[PDB]
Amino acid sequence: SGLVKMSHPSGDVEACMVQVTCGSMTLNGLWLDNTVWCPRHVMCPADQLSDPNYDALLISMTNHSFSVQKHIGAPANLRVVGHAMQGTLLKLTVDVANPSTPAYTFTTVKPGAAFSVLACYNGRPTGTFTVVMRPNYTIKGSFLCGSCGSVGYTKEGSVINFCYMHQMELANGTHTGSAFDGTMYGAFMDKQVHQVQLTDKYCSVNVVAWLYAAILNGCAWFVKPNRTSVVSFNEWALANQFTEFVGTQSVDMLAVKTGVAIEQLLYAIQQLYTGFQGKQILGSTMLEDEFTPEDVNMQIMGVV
């Protein structure tokens, strides 16, 4: 038992991390097959970061403009034999295939979904943590200068699904990055200008999962017969900084196991959101929304 912020083991992804240098900029890249992915702002002069012209920067580059170094294991320089731009990423082609390329896919995560991040500096992994894509298309991470190109991923068995490449800090503790089609989460521009974000909201389905997690761990004082329907809750949610609730089979599995209906927990939320008035739930005194139904099923019931 117990529910904690859990990340995937990072070794498979560590073996794919490299350093990319262009001009007066160095950051991290992802080496899969003969391709190295990295943020395109590696091209920008380090003092021209407000409104860059990336199309103009690209045409001014040649293969010689890039250097790719692997540090992990034993050092190797990876010769660049092609360069292309895809949205806010560069795709560099190198003359050697990564012999440690995992089985992988690319995916785009939606608000409420969790993924692991491997934070890297100068091509060297330094830490890993798990985040949830927020309803305003940011993540609440921990990133400093040097961290761009750090990657986020989920896994399906042994298959790694790469879903995030780190690009920027929008406000204190508030971050975003690219999917591997080169689109920025939240459509934020990769330049240093003021960019407003939507307000953050509670991820209702994750709150419901965490309440089920609390029940499964001996904590159920908040459960009453009273019910709020999904449709009624969702109208309320929009008025009160909660996401609309969408049920899944993963949530249903928790309702069956506990015998507590989703609707009982929707009512509870509506009583609990102004505060627990002295009480605690799994050691917290506010609603927790970064544990997904899949996370709860995996950690507590051992189901994947």
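One rule holds for the numbers: they count along the sequence shown, beginning at 1.
Taking only CA atoms, the mean B-factor in the PDB entry is higher for 218-226 than for the other of 218-226 and 146-154. The deposited model assigns a higher average Cα B-factor to 49-57 than to the other stretch when 249-257 and 49-57 are compared.
Each of 30, 27, 262, 237 has a CA temperature factor in the record; the biggest one is found at 262.
The residue among 65, 69, 35, 274 whose C-alpha atom has the highest B-factor in the PDB entry is 274. Split the chain's modelled residues into thirds by C-alpha temperature factor. Residue 296 is in the middle one.
In the PDB entry, residue 91 places in the middle third of its chain by CA B-factor.
Looking at the C-alpha B-factors along this chain, the one for residue 127 belongs to the lowest third.
Among the modelled residues of its chain, residue 192 has a C-alpha B-factor that falls in the middle third according to the deposited record. Annotation for residue 42: CA B-factor lies in the lowest third of the chain's modelled residues.
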